[PDB]
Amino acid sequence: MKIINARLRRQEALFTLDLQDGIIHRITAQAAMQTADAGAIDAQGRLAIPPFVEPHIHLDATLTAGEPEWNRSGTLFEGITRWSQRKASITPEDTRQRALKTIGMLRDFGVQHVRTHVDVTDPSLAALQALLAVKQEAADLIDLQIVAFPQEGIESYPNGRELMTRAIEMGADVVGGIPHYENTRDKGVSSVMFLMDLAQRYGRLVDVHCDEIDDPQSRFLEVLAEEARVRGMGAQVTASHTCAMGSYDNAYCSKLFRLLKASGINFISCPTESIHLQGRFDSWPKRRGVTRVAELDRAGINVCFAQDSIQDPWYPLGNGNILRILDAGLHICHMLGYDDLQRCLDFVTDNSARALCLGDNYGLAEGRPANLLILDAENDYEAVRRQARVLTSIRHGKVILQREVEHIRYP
């Protein structure tokens, strides 16, 4: 399959892309806009990019908003209470159906890489079972990673350590955690030591719900980053929801950044979720409660954006569109500068792929898998400004989605 007249990110030239046997066989710069060629796909000057990534979503809880009742306070903690109620009626078939629907939404919006957290503080491990199967069933659409996420705590929930271990043995690819939610500070610390030992013993990645709270003294991030640094596993470690960093003492935070850089760990921010769940315990002025995304990125630390929730006990909205999240993130994090906008797609493509350790299985380079999108925009700035539609999604060299270009009629 051939694509002509395609823009690539942050370049002025038009390119032809040759796809063959499921891989990118050739990328060639063109002298100028070319007339059509033997039923090649004409990008018509539109941007070709690698697929969008959703590096952090909770597929087990998706589409369960209001069951059996609503999160009235809009807080993390009531969300957990409501989820606990919902868990009493989780079945594998229920989970499968909701997960597949939400995966469909993500596919519709160009996402081909997904990392889902699954609550393993559930003695049935029903959702985990369903999602491990879904990983195989939906492989034609996405590459799914699964995180063993101990929602109610490792040290603070009955048999939490056994459940984490069992989840990993069952085949979860990533070790999760929630140290800020453990019952005492010391148990928060021991939970991080445990989960890092677990990941090392079974050779898994790590992605931890780190400090998802507005408390300036929630500092489990330092424990996680130090373990990653000492163990030499930074590239394999992600800190999600470091919301407390947005409230840290500034002298401490400056000192902390030295460790963060040295550790090599990744960061995920969920700006629509955090703007909703954070700042709930302030009056006025009301803090944003989002981590220091612009500052991490300027420091050379890999950070990216994620949806987190779609219609679940924590967040009543969501539609699968990562460009909406990008927009939110750029506004809330004060990243609407000219230079920011020219490369903003980094935060929902390249940087996210790095967090998921996709390596050579991601990116528009010869020899890599033929997974790519054609976006209805010519550069990063226009993509976010217009919320550009995904016109074509190609996966393993085949078109799996085709949208018509929007046409408006006037009198």
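Numbering starts at 1 and follows the sequence shown.
Per the PDB record, of the two stretches 28-36 and 370-378, 28-36 carries the greater mean B-factor over its C-alpha atoms. For the segment pair 88-96 and 159-167, the entry gives 88-96 the higher mean B-factor, averaged over Cα atoms.
For the set 106, 224, 139, 306, the maximum C-alpha B-factor listed in the entry falls on 139. When the C-alpha B factors of 69, 60, 54, 350 are read from the deposited coordinates, the top value falls at 69. When the modelled residues of the chain are ordered by C-alpha B-factor, residue 318 sits in the highest third. The entry lists a Cα temperature factor for residue 365 that places it in the highest third of the chain's modelled residues. Residue 130: CA B factor lies in the highest third for its chain, per the PDB record. Ranked within its chain, residue 343 lands in the lowest third, by CA B factor from the PDB record. Annotation for residue 282: CA B-factor lies in the lowest third of the chain's modelled residues.
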